[PDB]
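So this block is query.txt, compact mmCIF, N, CA and C atoms:
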```
# COMPACT_ATOMS: atom_id res chain seq x y z
N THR X 1 0.85 -1.23 0.00
CA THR X 1 0.00 0.00 0.00
C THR X 1 0.87 1.26 0.00
N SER X 2 2.15 1.08 -0.29
CA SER X 2 3.08 2.20 -0.42
C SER X 2 3.16 2.56 -1.90
N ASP X 3 3.33 3.86 -2.18
CA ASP X 3 3.16 4.36 -3.54
C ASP X 3 4.18 3.83 -4.55
N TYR X 4 5.42 3.61 -4.16
CA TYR X 4 6.41 3.08 -5.09
C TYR X 4 6.02 1.65 -5.44
N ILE X 5 5.58 0.88 -4.44
CA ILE X 5 5.14 -0.49 -4.69
C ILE X 5 3.92 -0.50 -5.61
N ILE X 6 2.94 0.34 -5.29
CA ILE X 6 1.73 0.45 -6.09
C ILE X 6 2.09 0.80 -7.53
N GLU X 7 3.09 1.66 -7.69
CA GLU X 7 3.54 2.08 -9.02
C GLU X 7 4.15 0.92 -9.79
N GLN X 8 4.98 0.13 -9.13
CA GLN X 8 5.60 -1.03 -9.75
C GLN X 8 4.56 -2.09 -10.14
N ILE X 9 3.57 -2.30 -9.28
CA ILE X 9 2.51 -3.27 -9.54
C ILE X 9 1.70 -2.87 -10.77
N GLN X 10 1.32 -1.60 -10.86
CA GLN X 10 0.56 -1.11 -12.01
C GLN X 10 1.37 -1.22 -13.30
N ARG X 11 2.67 -0.98 -13.22
CA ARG X 11 3.55 -1.15 -14.37
C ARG X 11 3.61 -2.62 -14.80
N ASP X 12 3.72 -3.52 -13.83
CA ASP X 12 3.78 -4.94 -14.12
C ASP X 12 2.48 -5.43 -14.75
N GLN X 13 1.36 -4.89 -14.30
CA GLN X 13 0.06 -5.33 -14.79
C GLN X 13 -0.16 -4.88 -16.23
N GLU X 14 0.39 -3.73 -16.60
CA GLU X 14 0.31 -3.27 -17.98
C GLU X 14 1.13 -4.19 -18.86
N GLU X 15 2.30 -4.59 -18.36
CA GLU X 15 3.12 -5.56 -19.07
C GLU X 15 2.35 -6.87 -19.24
N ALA X 16 1.54 -7.23 -18.25
CA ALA X 16 0.79 -8.47 -18.32
C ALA X 16 -0.25 -8.42 -19.44
N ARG X 17 -0.99 -7.32 -19.52
CA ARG X 17 -2.06 -7.21 -20.50
C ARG X 17 -1.47 -7.26 -21.90
N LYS X 18 -0.32 -6.61 -22.05
CA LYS X 18 0.37 -6.57 -23.33
C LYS X 18 0.82 -7.98 -23.68
N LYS X 19 1.45 -8.65 -22.72
CA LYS X 19 1.92 -10.02 -22.91
C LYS X 19 0.78 -10.98 -23.23
N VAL X 20 -0.38 -10.78 -22.61
CA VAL X 20 -1.54 -11.62 -22.88
C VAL X 20 -2.04 -11.42 -24.30
N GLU X 21 -2.08 -10.17 -24.75
CA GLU X 21 -2.52 -9.87 -26.11
C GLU X 21 -1.59 -10.47 -27.16
N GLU X 22 -0.29 -10.42 -26.91
CA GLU X 22 0.68 -11.03 -27.82
C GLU X 22 0.49 -12.54 -27.83
N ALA X 23 0.18 -13.10 -26.66
CA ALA X 23 -0.02 -14.54 -26.52
C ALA X 23 -1.28 -15.00 -27.24
N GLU X 24 -2.34 -14.20 -27.17
CA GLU X 24 -3.59 -14.52 -27.87
C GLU X 24 -3.34 -14.58 -29.36
N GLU X 25 -2.57 -13.62 -29.85
CA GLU X 25 -2.21 -13.57 -31.26
C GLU X 25 -1.32 -14.76 -31.61
N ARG X 26 -0.36 -15.05 -30.74
CA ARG X 26 0.55 -16.17 -30.96
C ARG X 26 -0.22 -17.48 -30.97
N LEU X 27 -1.28 -17.54 -30.18
CA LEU X 27 -2.14 -18.71 -30.12
C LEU X 27 -2.90 -18.90 -31.43
N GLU X 28 -3.46 -17.80 -31.93
CA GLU X 28 -4.30 -17.85 -33.11
C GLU X 28 -3.48 -18.25 -34.34
N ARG X 29 -2.28 -17.69 -34.43
CA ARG X 29 -1.36 -18.02 -35.52
C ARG X 29 -1.05 -19.51 -35.49
N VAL X 30 -0.88 -20.05 -34.29
CA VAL X 30 -0.63 -21.48 -34.10
C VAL X 30 -1.85 -22.31 -34.49
N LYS X 31 -3.05 -21.80 -34.22
CA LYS X 31 -4.28 -22.51 -34.57
C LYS X 31 -4.51 -22.58 -36.08
N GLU X 32 -4.27 -21.48 -36.78
CA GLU X 32 -4.42 -21.48 -38.23
C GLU X 32 -3.43 -22.43 -38.88
N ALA X 33 -2.19 -22.38 -38.41
CA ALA X 33 -1.15 -23.26 -38.92
C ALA X 33 -1.37 -24.72 -38.50
N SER X 34 -2.02 -24.92 -37.36
CA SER X 34 -2.17 -26.27 -36.80
C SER X 34 -3.04 -27.25 -37.57
N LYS X 35 -4.21 -26.82 -38.04
CA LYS X 35 -5.12 -27.74 -38.72
C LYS X 35 -4.92 -27.76 -40.24
N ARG X 36 -3.96 -28.57 -40.66
CA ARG X 36 -3.69 -28.81 -42.07
C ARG X 36 -2.86 -30.08 -42.16
N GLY X 37 -2.98 -30.80 -43.27
CA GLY X 37 -2.13 -31.95 -43.52
C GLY X 37 -0.67 -31.54 -43.48
N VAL X 38 -0.12 -31.42 -42.27
CA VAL X 38 1.24 -30.92 -42.09
C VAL X 38 2.13 -31.94 -41.42
N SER X 39 3.43 -31.67 -41.47
CA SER X 39 4.45 -32.65 -41.16
C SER X 39 4.86 -32.60 -39.70
N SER X 40 4.64 -33.73 -39.01
CA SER X 40 5.01 -33.93 -37.60
C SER X 40 6.05 -32.94 -37.07
N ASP X 41 7.15 -32.80 -37.80
CA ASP X 41 8.22 -31.87 -37.44
C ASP X 41 7.73 -30.45 -37.20
N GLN X 42 6.75 -30.01 -37.99
CA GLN X 42 6.19 -28.68 -37.80
C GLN X 42 5.17 -28.71 -36.66
N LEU X 43 4.46 -29.82 -36.50
CA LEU X 43 3.56 -29.96 -35.36
C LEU X 43 4.38 -29.96 -34.08
N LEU X 44 5.56 -30.59 -34.14
CA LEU X 44 6.47 -30.60 -33.00
C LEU X 44 6.89 -29.17 -32.64
N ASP X 45 7.06 -28.34 -33.66
CA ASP X 45 7.45 -26.94 -33.45
C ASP X 45 6.36 -26.15 -32.74
N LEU X 46 5.11 -26.41 -33.12
CA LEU X 46 3.96 -25.72 -32.53
C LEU X 46 3.80 -26.05 -31.06
N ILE X 47 4.05 -27.31 -30.71
CA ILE X 47 3.97 -27.76 -29.33
C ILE X 47 4.99 -27.06 -28.44
N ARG X 48 6.22 -26.92 -28.93
CA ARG X 48 7.24 -26.19 -28.18
C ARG X 48 6.85 -24.73 -27.98
N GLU X 49 6.28 -24.13 -29.02
CA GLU X 49 5.89 -22.73 -28.97
C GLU X 49 4.79 -22.47 -27.94
N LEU X 50 3.79 -23.34 -27.90
CA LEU X 50 2.72 -23.20 -26.92
C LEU X 50 3.24 -23.48 -25.52
N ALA X 51 4.22 -24.38 -25.42
CA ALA X 51 4.85 -24.68 -24.14
C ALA X 51 5.57 -23.44 -23.61
N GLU X 52 6.14 -22.66 -24.53
CA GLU X 52 6.77 -21.39 -24.18
C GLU X 52 5.77 -20.38 -23.65
N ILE X 53 4.63 -20.27 -24.32
CA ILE X 53 3.60 -19.31 -23.93
C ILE X 53 3.09 -19.64 -22.54
N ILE X 54 2.80 -20.92 -22.32
CA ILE X 54 2.24 -21.38 -21.06
C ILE X 54 3.17 -21.04 -19.90
N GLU X 55 4.45 -21.33 -20.08
CA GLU X 55 5.44 -21.08 -19.04
C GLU X 55 5.55 -19.59 -18.76
N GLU X 56 5.40 -18.78 -19.81
CA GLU X 56 5.45 -17.33 -19.67
C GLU X 56 4.22 -16.80 -18.92
N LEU X 57 3.04 -17.28 -19.27
CA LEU X 57 1.81 -16.85 -18.60
C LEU X 57 1.83 -17.24 -17.13
N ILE X 58 2.46 -18.37 -16.81
CA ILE X 58 2.57 -18.81 -15.43
C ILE X 58 3.45 -17.85 -14.64
N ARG X 59 4.52 -17.35 -15.26
CA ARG X 59 5.37 -16.37 -14.59
C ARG X 59 4.56 -15.12 -14.26
N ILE X 60 3.73 -14.70 -15.22
CA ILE X 60 2.87 -13.53 -15.04
C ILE X 60 1.89 -13.77 -13.90
N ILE X 61 1.34 -14.98 -13.85
CA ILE X 61 0.39 -15.33 -12.81
C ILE X 61 1.06 -15.33 -11.44
N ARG X 62 2.27 -15.87 -11.35
CA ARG X 62 2.98 -15.89 -10.08
C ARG X 62 3.35 -14.48 -9.62
N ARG X 63 3.77 -13.63 -10.55
CA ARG X 63 4.08 -12.25 -10.18
C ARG X 63 2.82 -11.50 -9.74
N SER X 64 1.72 -11.69 -10.45
CA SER X 64 0.45 -11.07 -10.06
C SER X 64 -0.03 -11.61 -8.71
N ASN X 65 0.29 -12.85 -8.44
CA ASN X 65 -0.09 -13.50 -7.21
C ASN X 65 0.55 -12.87 -6.04
N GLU X 66 1.79 -12.55 -6.23
CA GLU X 66 2.61 -11.90 -5.22
C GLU X 66 2.12 -10.48 -4.93
N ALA X 67 1.67 -9.79 -5.97
CA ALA X 67 1.15 -8.43 -5.82
C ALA X 67 -0.13 -8.43 -4.98
N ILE X 68 -1.01 -9.39 -5.23
CA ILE X 68 -2.26 -9.48 -4.50
C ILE X 68 -1.99 -9.78 -3.03
N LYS X 69 -1.03 -10.67 -2.79
CA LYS X 69 -0.61 -11.01 -1.44
C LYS X 69 -0.09 -9.76 -0.72
N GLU X 70 0.71 -8.96 -1.41
CA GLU X 70 1.28 -7.75 -0.82
C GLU X 70 0.20 -6.71 -0.53
N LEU X 71 -0.76 -6.57 -1.44
CA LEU X 71 -1.82 -5.59 -1.25
C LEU X 71 -2.80 -6.01 -0.16
N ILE X 72 -3.15 -7.29 -0.13
CA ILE X 72 -4.11 -7.80 0.85
C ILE X 72 -3.54 -7.78 2.26
N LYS X 73 -2.23 -7.95 2.39
CA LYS X 73 -1.63 -8.00 3.71
C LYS X 73 -1.51 -6.60 4.30
N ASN X 74 -1.33 -5.59 3.45
CA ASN X 74 -1.30 -4.21 3.92
C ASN X 74 -2.74 -3.73 4.15
N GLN X 75 -3.45 -4.42 5.04
CA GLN X 75 -4.83 -4.08 5.40
C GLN X 75 -4.89 -2.96 6.44
N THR A 1 -10.95 -2.07 1.59
CA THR A 1 -11.32 -3.45 1.17
C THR A 1 -11.85 -4.20 2.39
N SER A 2 -13.02 -4.81 2.25
CA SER A 2 -13.59 -5.62 3.32
C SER A 2 -13.30 -7.11 3.15
N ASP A 3 -13.61 -7.87 4.19
CA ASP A 3 -13.25 -9.29 4.26
C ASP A 3 -13.94 -10.12 3.19
N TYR A 4 -15.15 -9.73 2.80
CA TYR A 4 -15.89 -10.48 1.79
C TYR A 4 -15.15 -10.41 0.47
N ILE A 5 -14.70 -9.21 0.10
CA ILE A 5 -13.95 -9.05 -1.13
C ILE A 5 -12.62 -9.79 -1.04
N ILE A 6 -11.92 -9.60 0.07
CA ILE A 6 -10.64 -10.24 0.28
C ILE A 6 -10.78 -11.75 0.17
N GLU A 7 -11.87 -12.29 0.70
CA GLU A 7 -12.10 -13.73 0.65
C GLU A 7 -12.37 -14.21 -0.77
N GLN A 8 -13.13 -13.44 -1.54
CA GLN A 8 -13.37 -13.77 -2.94
C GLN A 8 -12.06 -13.81 -3.71
N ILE A 9 -11.20 -12.83 -3.45
CA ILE A 9 -9.91 -12.77 -4.11
C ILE A 9 -9.07 -13.98 -3.73
N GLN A 10 -9.00 -14.29 -2.44
CA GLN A 10 -8.24 -15.44 -1.97
C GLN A 10 -8.79 -16.76 -2.51
N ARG A 11 -10.11 -16.86 -2.62
CA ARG A 11 -10.73 -18.07 -3.17
C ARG A 11 -10.35 -18.26 -4.64
N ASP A 12 -10.38 -17.17 -5.41
CA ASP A 12 -10.00 -17.22 -6.82
C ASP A 12 -8.53 -17.57 -6.99
N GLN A 13 -7.70 -17.08 -6.07
CA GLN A 13 -6.26 -17.27 -6.16
C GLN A 13 -5.86 -18.72 -5.87
N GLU A 14 -6.60 -19.38 -4.97
CA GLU A 14 -6.35 -20.79 -4.67
C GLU A 14 -6.77 -21.65 -5.85
N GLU A 15 -7.93 -21.33 -6.41
CA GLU A 15 -8.43 -21.99 -7.60
C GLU A 15 -7.46 -21.78 -8.75
N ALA A 16 -6.85 -20.60 -8.78
CA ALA A 16 -5.90 -20.27 -9.83
C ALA A 16 -4.63 -21.12 -9.76
N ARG A 17 -4.03 -21.20 -8.57
CA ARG A 17 -2.78 -21.93 -8.42
C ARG A 17 -2.96 -23.43 -8.67
N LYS A 18 -4.10 -23.97 -8.26
CA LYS A 18 -4.38 -25.38 -8.49
C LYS A 18 -4.44 -25.61 -10.00
N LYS A 19 -5.15 -24.73 -10.71
CA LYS A 19 -5.22 -24.81 -12.16
C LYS A 19 -3.83 -24.66 -12.78
N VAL A 20 -2.99 -23.82 -12.18
CA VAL A 20 -1.62 -23.66 -12.68
C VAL A 20 -0.85 -24.96 -12.47
N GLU A 21 -1.05 -25.58 -11.31
CA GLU A 21 -0.40 -26.84 -11.00
C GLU A 21 -0.89 -27.93 -11.95
N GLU A 22 -2.18 -27.91 -12.26
CA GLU A 22 -2.76 -28.85 -13.21
C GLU A 22 -2.15 -28.63 -14.59
N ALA A 23 -1.93 -27.37 -14.95
CA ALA A 23 -1.37 -27.04 -16.25
C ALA A 23 0.08 -27.49 -16.34
N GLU A 24 0.83 -27.30 -15.25
CA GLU A 24 2.22 -27.71 -15.20
C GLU A 24 2.34 -29.22 -15.37
N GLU A 25 1.44 -29.96 -14.71
CA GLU A 25 1.43 -31.41 -14.80
C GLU A 25 1.04 -31.88 -16.19
N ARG A 26 -0.03 -31.31 -16.72
CA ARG A 26 -0.53 -31.68 -18.03
C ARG A 26 0.43 -31.30 -19.13
N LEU A 27 1.17 -30.21 -18.93
CA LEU A 27 2.14 -29.80 -19.93
C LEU A 27 3.26 -30.82 -20.05
N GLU A 28 3.80 -31.28 -18.92
CA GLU A 28 4.94 -32.19 -18.96
C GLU A 28 4.54 -33.54 -19.57
N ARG A 29 3.37 -34.05 -19.18
CA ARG A 29 2.87 -35.30 -19.75
C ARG A 29 2.67 -35.13 -21.26
N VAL A 30 2.18 -33.97 -21.66
CA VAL A 30 2.03 -33.65 -23.07
C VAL A 30 3.40 -33.58 -23.72
N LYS A 31 4.38 -33.05 -22.98
CA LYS A 31 5.73 -32.93 -23.49
C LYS A 31 6.35 -34.33 -23.58
N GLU A 32 6.10 -35.16 -22.57
CA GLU A 32 6.58 -36.54 -22.56
C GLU A 32 5.93 -37.33 -23.69
N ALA A 33 4.62 -37.14 -23.86
CA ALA A 33 3.89 -37.83 -24.92
C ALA A 33 4.34 -37.33 -26.29
N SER A 34 4.79 -36.08 -26.35
CA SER A 34 5.19 -35.49 -27.62
C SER A 34 6.44 -36.17 -28.18
N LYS A 35 7.39 -36.47 -27.30
CA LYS A 35 8.65 -37.10 -27.70
C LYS A 35 8.58 -38.63 -27.59
N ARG A 36 7.42 -39.18 -27.90
CA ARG A 36 7.21 -40.63 -27.87
C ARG A 36 6.88 -41.13 -29.29
N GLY A 37 7.13 -40.28 -30.28
CA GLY A 37 6.96 -40.67 -31.68
C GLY A 37 5.55 -41.14 -31.95
N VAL A 38 4.64 -40.18 -32.04
CA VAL A 38 3.22 -40.43 -32.20
C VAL A 38 2.72 -39.71 -33.45
N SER A 39 1.48 -39.96 -33.85
CA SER A 39 1.04 -39.56 -35.17
C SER A 39 0.48 -38.14 -35.16
N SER A 40 0.27 -37.59 -36.35
CA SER A 40 -0.21 -36.21 -36.50
C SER A 40 -1.52 -35.93 -35.77
N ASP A 41 -2.53 -36.76 -36.00
CA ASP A 41 -3.83 -36.62 -35.33
C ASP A 41 -3.67 -36.57 -33.82
N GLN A 42 -2.70 -37.32 -33.33
CA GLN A 42 -2.39 -37.36 -31.91
C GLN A 42 -1.57 -36.15 -31.47
N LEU A 43 -0.68 -35.69 -32.34
CA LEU A 43 0.06 -34.46 -32.06
C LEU A 43 -0.91 -33.28 -32.05
N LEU A 44 -1.85 -33.30 -32.99
CA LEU A 44 -2.88 -32.27 -33.08
C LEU A 44 -3.74 -32.23 -31.83
N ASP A 45 -4.00 -33.41 -31.26
CA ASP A 45 -4.81 -33.51 -30.06
C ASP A 45 -4.13 -32.83 -28.88
N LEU A 46 -2.82 -32.99 -28.79
CA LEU A 46 -2.04 -32.36 -27.73
C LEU A 46 -2.03 -30.84 -27.88
N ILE A 47 -1.97 -30.37 -29.12
CA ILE A 47 -2.00 -28.94 -29.42
C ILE A 47 -3.33 -28.32 -28.99
N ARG A 48 -4.42 -29.02 -29.27
CA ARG A 48 -5.75 -28.59 -28.83
C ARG A 48 -5.80 -28.54 -27.31
N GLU A 49 -5.20 -29.53 -26.67
CA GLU A 49 -5.19 -29.65 -25.22
C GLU A 49 -4.41 -28.48 -24.60
N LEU A 50 -3.27 -28.14 -25.18
CA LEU A 50 -2.47 -27.01 -24.70
C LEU A 50 -3.15 -25.67 -24.97
N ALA A 51 -3.87 -25.57 -26.09
CA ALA A 51 -4.60 -24.36 -26.42
C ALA A 51 -5.68 -24.09 -25.38
N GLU A 52 -6.26 -25.15 -24.84
CA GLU A 52 -7.25 -25.03 -23.78
C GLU A 52 -6.60 -24.44 -22.53
N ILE A 53 -5.40 -24.93 -22.23
CA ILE A 53 -4.66 -24.48 -21.06
C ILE A 53 -4.35 -23.00 -21.17
N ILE A 54 -3.87 -22.57 -22.33
CA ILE A 54 -3.49 -21.18 -22.53
C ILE A 54 -4.69 -20.28 -22.28
N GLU A 55 -5.83 -20.65 -22.85
CA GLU A 55 -7.04 -19.85 -22.70
C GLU A 55 -7.50 -19.79 -21.24
N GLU A 56 -7.31 -20.88 -20.51
CA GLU A 56 -7.66 -20.92 -19.10
C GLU A 56 -6.73 -20.01 -18.31
N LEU A 57 -5.44 -20.10 -18.61
CA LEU A 57 -4.43 -19.27 -17.97
C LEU A 57 -4.66 -17.79 -18.28
N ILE A 58 -5.17 -17.49 -19.47
CA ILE A 58 -5.47 -16.12 -19.85
C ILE A 58 -6.63 -15.54 -19.04
N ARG A 59 -7.65 -16.35 -18.77
CA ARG A 59 -8.76 -15.91 -17.93
C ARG A 59 -8.27 -15.56 -16.53
N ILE A 60 -7.37 -16.38 -16.01
CA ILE A 60 -6.82 -16.17 -14.68
C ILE A 60 -6.09 -14.84 -14.59
N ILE A 61 -5.33 -14.50 -15.62
CA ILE A 61 -4.59 -13.25 -15.63
C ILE A 61 -5.56 -12.08 -15.66
N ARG A 62 -6.63 -12.20 -16.44
CA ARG A 62 -7.62 -11.14 -16.53
C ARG A 62 -8.39 -10.94 -15.23
N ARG A 63 -8.78 -12.04 -14.57
CA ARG A 63 -9.49 -11.93 -13.30
C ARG A 63 -8.55 -11.39 -12.22
N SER A 64 -7.31 -11.86 -12.22
CA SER A 64 -6.31 -11.39 -11.26
C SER A 64 -6.05 -9.90 -11.50
N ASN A 65 -6.14 -9.50 -12.73
CA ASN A 65 -6.00 -8.11 -13.08
C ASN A 65 -7.13 -7.29 -12.55
N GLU A 66 -8.31 -7.86 -12.52
CA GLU A 66 -9.47 -7.20 -11.93
C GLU A 66 -9.28 -7.07 -10.42
N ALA A 67 -8.73 -8.11 -9.80
CA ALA A 67 -8.52 -8.12 -8.35
C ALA A 67 -7.53 -7.06 -7.90
N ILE A 68 -6.43 -6.92 -8.64
CA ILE A 68 -5.42 -5.93 -8.29
C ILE A 68 -6.01 -4.53 -8.49
N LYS A 69 -6.81 -4.36 -9.54
CA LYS A 69 -7.48 -3.07 -9.76
C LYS A 69 -8.33 -2.69 -8.55
N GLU A 70 -9.10 -3.65 -8.04
CA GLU A 70 -10.01 -3.39 -6.93
C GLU A 70 -9.26 -3.12 -5.62
N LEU A 71 -8.16 -3.82 -5.40
CA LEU A 71 -7.38 -3.68 -4.17
C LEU A 71 -6.66 -2.34 -4.09
N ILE A 72 -6.10 -1.90 -5.22
CA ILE A 72 -5.35 -0.65 -5.29
C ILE A 72 -6.28 0.54 -5.07
N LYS A 73 -7.55 0.36 -5.40
CA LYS A 73 -8.55 1.42 -5.28
C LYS A 73 -8.95 1.72 -3.84
N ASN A 74 -8.97 0.69 -3.01
CA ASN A 74 -9.39 0.85 -1.62
C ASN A 74 -8.28 1.15 -0.61
N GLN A 75 -7.59 2.27 -0.84
CA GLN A 75 -6.58 2.88 0.04
C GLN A 75 -5.66 3.76 -0.80
```
When written as structure tokens, how does the structure in this file appear?
Amino acid sequence: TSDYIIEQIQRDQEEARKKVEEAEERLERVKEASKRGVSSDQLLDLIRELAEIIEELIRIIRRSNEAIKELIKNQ
Amino acid sequence: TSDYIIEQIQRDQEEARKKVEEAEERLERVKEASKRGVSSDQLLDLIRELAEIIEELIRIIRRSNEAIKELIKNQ
């Protein structure tokens, strides 16, 4: 509930929304490419890419989790 | 912020982490299944499965984003 902390949290959350929008787009591109008579090797590539997105979104979730904990404790 | 709101936030956050844990587990099994030399239709199935996870993780970020918005407002 201190202003520098609040400032950092708001900055992080803007980064989150931006990252989510890029991820939604990255997802859609993967979906269009995904359903076609395509070669395992490229399907293997798509799986790694989505695995990257998931791990990234989890980092965002954990950082946001920490922010909520910090805000709720400063009651 | 009152206890009812705080409790809703905490309830969502527990549901969130469990889903994150479920995603982490499902991702690795999908990753393990991926490197087991399986067919396209089956690779495609894993991609659909991961796409579900991403969308679920995206909802969590958006709801958590709503929670941080509400908490920062009340002080």
### Query
Which neighbours of segment 38-50 of chain A fall inside 10 Å, counting only C-alpha atoms, when residues of the same chain fewer than 3 positions from it are skipped, and could you give them as a PyMOL selection string?
(chain X and resi 27+30-31+34-44+46-48+50-51+53-54) or (chain A and resi 23+26-27+29-31+33-35+53-56)
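Across the model, the gap from atom CA of residue 66 of chain X to atom CA of residue 52 of chain A is 24.8 Å.
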### Query
At what distance in Å, to one decimal, does atom CA of residue 72 of chain A lie from atom CA of residue 15 of chain X?
16.9 Å
### Message
One number please: atom CA of residue 32 of chain X to atom CA of residue 58 of chain A, in Å, one decimal.
### Response
19.2 Å
### Closest of A:59, A:21, A:1, A:6 to residue 73 of chain A - atom-to-atom distances counting all atoms listed in the file
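Selected residue with least distance to residue 73 of chain A: A:1.
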### Query
Using only C-alpha atoms, which residues sit within 10 Å of residue 74 of chain X once same-chain residues fewer than 2 positions away are excluded, as JSON, numbers by chain?
{"X": [1, 2, 68, 69, 70, 71, 72], "A": [75]}
